[PDB]
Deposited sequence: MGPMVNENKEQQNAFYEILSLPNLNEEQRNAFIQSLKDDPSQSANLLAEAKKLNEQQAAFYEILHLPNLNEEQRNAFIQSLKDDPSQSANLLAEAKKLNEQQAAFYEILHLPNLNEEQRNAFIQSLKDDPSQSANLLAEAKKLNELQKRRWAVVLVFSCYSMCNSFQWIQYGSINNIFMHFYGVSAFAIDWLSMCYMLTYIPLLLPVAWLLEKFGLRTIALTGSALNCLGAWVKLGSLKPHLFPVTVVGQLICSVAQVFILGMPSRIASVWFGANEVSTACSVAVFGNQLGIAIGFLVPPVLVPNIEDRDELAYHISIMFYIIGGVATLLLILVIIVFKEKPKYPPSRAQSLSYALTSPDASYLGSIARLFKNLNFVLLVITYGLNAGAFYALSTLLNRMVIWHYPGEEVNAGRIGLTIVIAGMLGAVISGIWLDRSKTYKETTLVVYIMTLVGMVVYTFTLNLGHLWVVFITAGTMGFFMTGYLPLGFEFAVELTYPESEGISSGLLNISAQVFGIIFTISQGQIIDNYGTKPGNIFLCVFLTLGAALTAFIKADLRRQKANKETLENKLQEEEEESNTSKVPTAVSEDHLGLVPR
């Protein structure tokens, strides 16, 4: 049963991430439908990031007080309710219903990203703890990819509002059915199971570690760049490539899939050899190089040089993500991995909000190129900061005991 739980959690986190990116994947179509500017539809993606921060601590308290069964049940139930609430928005003048459904979905997310560590800890031993967490993360990333690919094929950019409403209805039905099925699966399979047998202080100890602070800032930069790029991919891509929404979705799918492949490669490299600082430095440098190449080859007229560049940049830009968590645990082994992962995630959300809003404004007022140079400048600053990191690998030193 232990793997049924993982395969259900991965699937419904996938559904939640699809619900995150379904709007930014067809940003322009939704703009036309609801009649709102790009900024308003841009906020249906920053709702997740904004809601993640304040609700993280209550989520941890609820987990520690009630157990994993009820947390997973609540996450799936909120995901289903948020998915089905949006069905009241199938009209040009009901954007508030959508931005309420997305809020309910975002509240569900907070019960997702922190679970996989505990799921692996409670359902798996040492020989299988890593694989469960990796599978959950890959499920979430595949959710992002599917949300990038499916909407533009299920929602053609037709001028008529009624036919567009019908297509959006089809998409929301296909997501609500999945959410309901996965909620049933969570109620059935996600049986409660106990193990066989401070936070302020721990956070103070961590922040006393300047290396962890530098890692937090660098991970925030990278993850926020990824989130802003994912949210704004439709806006920039369609500007230079009119009437290519499906190809924008395919570009997003390529970015995310190359990201999963790079994450696998980086995980294997770290497991085989223990070089963390060098791996992170090279990953960040290659992410910066890919970002500059993507920025300065996007406006060339051929997706021949856009698919390849987006894939080869997203490869590293997303392989850095699990690597950041691993480096954080290595730097701060004595403290719980949950707190470090939570702080890295919070930094990611904050920098993602900042990057998304700033780059959206820059695209609106200055063009795509100034926004991409803004992102590239921030990414190179992050790369320099990471290169200025001293690797006091506590996990390796501690495990070297005997």
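Residues 1-148, 346-361, 567-597 of the deposited sequence, counted from 1, carry no C-alpha coordinates in the model.
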